[PDB]
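Just the one chain here, the form deposited in one PDB entry, laid out as structure tokens.
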């Protein structure tokens, strides 16, 4: 069967929140079958746990934020992207502050740290959400859609009105999450960055954790990791936002100028429309439409 995964060993890391600029200590731990991914604010007494589920998304402006009452965990989407990309069903993610550390802007450090710890298969079938009807949501010129598909693929199309320019598709039948998506970094434009800082956001961002663009060019000395890094990062973000379904997808996602907001809107419409999806397991990995790398 395709089995659930958790972590073999604990992972720790120390970083800064992209928006908050606060130092934060992260610890990922193993969790039992059917736990899902659960964030814990361990700086608080008592500790405040928030499952990484679409129902818990509180704000979607320039990151995806989980909220339970007054308590938040901001910027979950890169780490969630990594966990999704590696097949991780169950994990606790402890944080000593309100925002997941940004690392280098991408999921590369998370996938490295995870894979250095190692994964552990669990004796229970992995549950997938299978798209059985097209579900779309739109708002103005922005669109996000789920289409039935026997596998998992993601397409994205951004319309940026800027000299540094995009679209891309990835199908995990041939694309490596790790090699081709995980390294794509967080990005931003000088006009927004100042506005965001004036709105007291973006406080931790720098050329160390993001592509910084002026009116013409990428200012980072070392340039890009992929020719299409920006759009590959949008795919990264979307995989992370979609993992808030709390199970891997069998289907296709297509995003057209979509962001965290519309991505969450799509999850919510999907979840509400039970005719459009069903949960499935695969007792024989050999006949399934997807595969995972070795644990």
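In this text, the rigid core denotes the largest set of C-alpha atoms whose superposition between the two forms falls within 1.5 Å. Positions refer to the first chain, counted from 1.
If you look for the form deposited in another entry, you will not find it shown, but the lines that follow are about it.
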Can a Cα shift of no less than 2 Å be assigned to residue 120 between this form and the one not shown, given superposition on the rigid core?
-> no
Post core alignment: residue 133 C-alpha displaced by 2 Å or more between this form and the one not shown = no
Per-residue C-alpha change between this form and the one not shown, residue 201, threshold 2 Å, rigid core fit | yes
Looking in the other form, decide if the C-alpha atoms of residue 111 and residue 174 are closer or farther than in the form shown; they differ by 3 Å or more.
-> closer
What changes in the other form is the Cα distance between residue 142 and residue 195, by 3 Å or more; the two atoms are farther
